[PDB]
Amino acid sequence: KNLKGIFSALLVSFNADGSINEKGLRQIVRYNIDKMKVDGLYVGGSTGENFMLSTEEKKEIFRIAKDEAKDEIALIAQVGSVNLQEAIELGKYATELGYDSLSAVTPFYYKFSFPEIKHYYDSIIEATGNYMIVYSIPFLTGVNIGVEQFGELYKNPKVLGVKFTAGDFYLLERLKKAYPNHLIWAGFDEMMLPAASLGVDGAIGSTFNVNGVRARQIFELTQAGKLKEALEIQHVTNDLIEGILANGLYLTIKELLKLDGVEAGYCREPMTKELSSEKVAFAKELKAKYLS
């Protein structure tokens, strides 16, 4: 199954007490597939509030997402953790469910050496037999991997490439030059145009949950060399993103889902659970200006 193209980092619907809302999660899945027209979903990432949840809740989300999506789209499962044993258990579970690849954040909190990081990736690959996408988010992790270190990771033939979330476009270009057959997915929705200009293979993003029509246009127009039109759409996109960021990233994408009839629910504590009223009204203005 082809892993190129547009992937929404799946948001999860929670109840007021923080439990999974299965019905709302299925609506979010459906909405991405049928209305956003994504190539795939990236499940259990930062956007899914993954790192605030129990092992059992993560399994529950993997199960529901796969069940609802079936085989209509590609699915990637993020299974990384500071706990390698949890990561292996999640990796085997997602592999058994039929996820097309695994993905794993570089281990965080502690300051791990590069050979520890490589051993972590190799252990998950070995225990699962599945493909791996290296998940690079230096602004959250403080972890910075170079071209040579990426080459050492790529010695494992099950490693397909990297979800690139740093804003280093020098490194991005260097990685594409050095490993032309390895894949890169851009992680930053608001920099999609420059990233596609350097030949990334795809994008994984939180805003595609509500703006997937514009995201695909930016990406495909860029790759066809229609820059003038891609740029205009990127501009409107970034007006939307700038508002969503100022209003509260995850809550505001959820409120934009709710405004389209999707039961996207609350956020999970310790994140703020629901918008204040004025921030509800602000989300409505964003809906009216950009998504109507």
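For every residue, the number given is its place in the sequence shown, counted from 1.
Legend: mean Cα B-factor per stretch from the PDB entry, 145-153 versus 102-110; the higher mean is in 145-153. Averaged over Cα atoms, the B-factor as recorded in the entry is higher for 70-78 than for the other of 70-78 and 205-213. The PDB entry gives the largest Cα B-factor of the residues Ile133, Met192, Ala178, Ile184 to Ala178.
In the deposited coordinates, the residue among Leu41, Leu53, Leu227, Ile244 with the greatest CA B-factor is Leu227. Per-chain ranking of the deposited C-alpha B factor places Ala127 in the highest third. Compared with the other modelled residues of the chain, the Cα B-factor recorded for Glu173 ranks in the lowest third. Placement of the Cα temperature factor of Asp34 within the chain: highest third of the modelled residues, per the deposited record. In this PDB entry, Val159 carries a Cα temperature factor that places it within the middle third of its chain's modelled residues.
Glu57 sits in the middle third of its chain by CA B factor, as recorded in the PDB entry.
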